[PDB]
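Next up: just one chain, as structure tokens, the form deposited in one PDB entry.
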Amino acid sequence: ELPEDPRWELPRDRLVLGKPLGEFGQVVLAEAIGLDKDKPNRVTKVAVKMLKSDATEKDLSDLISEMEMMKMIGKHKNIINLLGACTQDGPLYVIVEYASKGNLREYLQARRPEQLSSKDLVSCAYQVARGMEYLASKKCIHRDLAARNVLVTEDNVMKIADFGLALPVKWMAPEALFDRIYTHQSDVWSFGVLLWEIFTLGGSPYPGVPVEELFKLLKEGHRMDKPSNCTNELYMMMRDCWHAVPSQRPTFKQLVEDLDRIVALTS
């Protein structure tokens, strides 16, 4: 039996569950009635994460921990924000903001040659940087930053997902891969691969490279090549994110500052 929290508790009769959206815990589309108490007759489209039918006691503990983490972090434009929850007299439902256009990898893959400009791709990169600047300032390490874990809203807002949970190897920094040392600097390495994903329109990184070979290539100092539709300045930003010593990588503050200047100058 879970403790009630009046700040976040939505009644179950205010939540109409819809189609399944995604299958590490089950997610469904839903409609919430009267979230903003200013307008109690308004319907809001929401994503509702829950446990699977064959879920353990440890899975419940993780999903509770995930909910409590999201309360502490607070609201930002470029993250999947908590909107409410159903904890009492039924299954745990963690209600969050709905992102109608899916994850960023599929969004880009679908829109390969409506078309997206150069300015749209750098804007997309800036919003992911701005959202990670926030999560870093709230002391939250992602551990798994990628285009699959960025969602896209109806109004083209990039929202970071699956942040701070208690193949992925191609996004991990060497220190994270070898020693399991996850830091804010290892999330920058992962952001570098996320840039490479954006400017390849959802490309698969290190293609035809097995797991055993990828350990050696990074140790020896090999990196991914420049994309075709991509400037030199933006590739230097990728290469700086992929610096071997973690202290020498840029911060998300610097990346936000650099990307803000680039979006302004791009057409």
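Residue indices: 1-based, along the sequence shown. Whichever C-alpha set is largest while still superposing within 1.5 Å between the two forms counts as the rigid core.
Participant: Check this for me: in at least a third of the other entries compared, is residue 25 absent while its neighbours are modelled?
Facilitator: Per the records, residue 25 goes unmodelled in at least a third of the other entries.
Participant: Note how many residues of the deposited chain are left out of the model between residue 166 and residue 167; the options are none, 1 to 3, 4 to 9, and 10 or more.
Facilitator: Per the deposited record, the segment joining residue 166 and residue 167 lacks coordinates for 10 or more residues.
Participant: Mind giving me a quick count class for deposited residues absent from the model between residue 23 and residue 24? Options are none, 1 to 3, 4 to 9, 10 or more.
Facilitator: Going from residue 23 to residue 24, the model skips 1 to 3 residues of the deposited sequence.
Participant: Would 104-112 or 180-188 have the larger average of its C-alpha temperature factors, as given in the entry?
Facilitator: Looking at the record's C-alpha B-factors, the answer is 104-112.
Participant: Averaged over C-alpha atoms, is the B-factor higher for 151-159 or for 114-122 in this PDB entry?
Facilitator: 114-122 has the higher mean C-alpha B-factor.
Participant: Looking at the C-alpha B-factor values in the deposited entry, which of 14, 253, 19, 249 comes out highest?
Facilitator: Checking the PDB record, the top C-alpha B-factor among 14, 253, 19, 249 is at 19.
Participant: Compare the CA B factors listed in the entry for 33, 46, 55, 238 and report the winner.
Facilitator: If I rank 33, 46, 55, 238 by C-alpha B-factor, first place goes to 55.
Participant: Relative to the other modelled residues in the chain, which third contains the C-alpha temperature factor of residue 197: lowest, middle or highest?
Facilitator: Middle third.
Participant: Mind checking which third residue 211 falls in for C-alpha B-factor across the chain?
Facilitator: Within its chain, residue 211 is a highest-third residue by C-alpha B-factor, going by the deposited values.
Participant: Where does the C-alpha B-factor of residue 64 rank in its chain, lowest, middle or highest third?
Facilitator: Middle third, going by the recorded CA B-factors of the chain.
Participant: Rank-wise, by C-alpha B-factor, drop residue 70 into the lowest, middle or highest third of its chain.
Facilitator: Ranked within chain, residue 70 CA B lands in the lowest tercile.
Below, we turn to the form deposited in another entry, even though it does not appear here.
Participant: Core fitted between this form and the one not shown: which of 63, 47, 234, 224 shows a C-alpha shift of 2 angstroms or more?
Facilitator: Comparing both forms, the shifted residue turns out to be 63.
Participant: Spell out whether the Cα of residue 153 moves at least 2 Å between this form and the one not shown when the two forms are superposed on their rigid core.
Facilitator: The answer is no; the displacement is under 2 Å.
Participant: Is residue 201 displaced by at least 2 Å at its C-alpha between this form and the one not shown when the rigid core is overlaid?
Facilitator: No, residue 201 moves less than 2 Å.
Participant: Residue 88: with the rigid core matched between this form and the one not shown, does its Cα shift 2 Å or more?
Facilitator: Passes the 2 Å threshold, so yes.
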